[PDB]
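According to PDB author numbering, the sequence shown holds residues 7 to 145 in order.
What follows is a short report on a single structure.
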Amino acid sequence: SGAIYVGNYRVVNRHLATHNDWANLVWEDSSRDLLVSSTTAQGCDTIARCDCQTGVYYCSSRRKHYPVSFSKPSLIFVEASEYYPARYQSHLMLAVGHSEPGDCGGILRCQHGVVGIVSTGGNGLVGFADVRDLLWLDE
Ligand SMILES: CSc1ccccc1CC(=O)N1C[C@H](C(N)=O)C[C@H](C(N)=O)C1
Ligand SMILES: [Zn+2]
Numbered sequence: 007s008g009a010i011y012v013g014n015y016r017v018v019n020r021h022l023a024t025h026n027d028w029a030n031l032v033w034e035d036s037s038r039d040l041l042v043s044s045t046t047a048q049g050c051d052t053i054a055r056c057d058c059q060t061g062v063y064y065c066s067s068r069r070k071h072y073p074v075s076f077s078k079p080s081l082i083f084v085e086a087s088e089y090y091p092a093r094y095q096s097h098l099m100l101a102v103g104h105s106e107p108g109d110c111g112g113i114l115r116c117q118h119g120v121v122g123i124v125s126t127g128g129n130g131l132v133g134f135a136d137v138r139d140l141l142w143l144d145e
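The following block contains the structure:
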């Protein structure tokens, strides 16, 4: 679980969005596993606008932060799951690091701000949905 709170927006994994997220929907994209809902309170986070490929992410299944080197956002095949058919997920960045399904929502940050959230993983891999291209999150 986890979310980004920026301005009057809440960014979550689309597959973990609540009934309240859908009732306050701003934008969603199944191919990216992202959903953005509106909030009444002002957020605590800021978004990176950069091309960093290193950063630190929070791993709830270890209660720890880990440093990572990750690939640039790209179209990657993700096998069928409880929430999606087998498909290509876009804007996904992979890295070597521990993750389990419940780690989705953990934030990845670089020196410039929030980069994205955990969205996929595997046998010693962790994948992050990028948010740096969503320029409208800052206005
Ligand atoms: C950190 S996730 C992880 C980690 C280790 C091993 C397996 C996973 C699960 C994972 O990769 N999923 C893909 C995700 C998606 N973005 O399509 C939907 C997730 C779901 N709950 O249906 C399953
Ligand atoms: Zn950066």
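C-beta atoms are modelled at their ideal positions from N, C-alpha and C, and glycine is treated no differently.
Where residue i falls: helix, strand or coil (DSSP)
| i | result |
| --- | --- |
| residue 57 | coil |
| residue 29 | helix |
| residue 107 | helix |
| residue 36 | helix |
| residue 136 | strand |
| residue 69 | coil |
| residue 21 | helix |
Reference residue i, options the options, closest by Cα
| i | options | result |
| --- | --- | --- |
| residue 76 | 21, 49, 127 | 127 |
| residue 46 | 36, 70, 15 | 15 |
| residue 30 | 90, 80, 130, 17 | 17 |
| residue 130 | 136, 100, 110, 12 | 100 |
| residue 102 | 8, 11, 59 | 59 |
One or two residues paired with residue i in a DSSP bridge
| i | result |
| --- | --- |
| residue 81 | According to DSSP, which records beta bridges pairwise, residue 81 is partnered with nothing at all. |
| residue 128 | 131 |
| residue 95 | 82 |
query = In chain order, what residues have a CB nearer than 5 Å to some heavy atom of ligand 2?
reply = 54, 56, 58, 116, 118
Residues surrounding ligand 1 [beta-carbon distance to nearest heavy atom under 6 Å] = 21, 39, 84, 87, 88, 89, 90, 95, 105, 106, 107, 109, 110, 124, 125, 126, 127, 128
request  = Would you be able to state if there are at least three C-beta pairs under 8 Å between the region 48-64 and the region 109-129?
outcome  = yes
query = Is it true that the region 103-115 meets the region 60-74, where meeting means three or more beta-carbon pairs spaced less than 8 Å apart?
reply = yes
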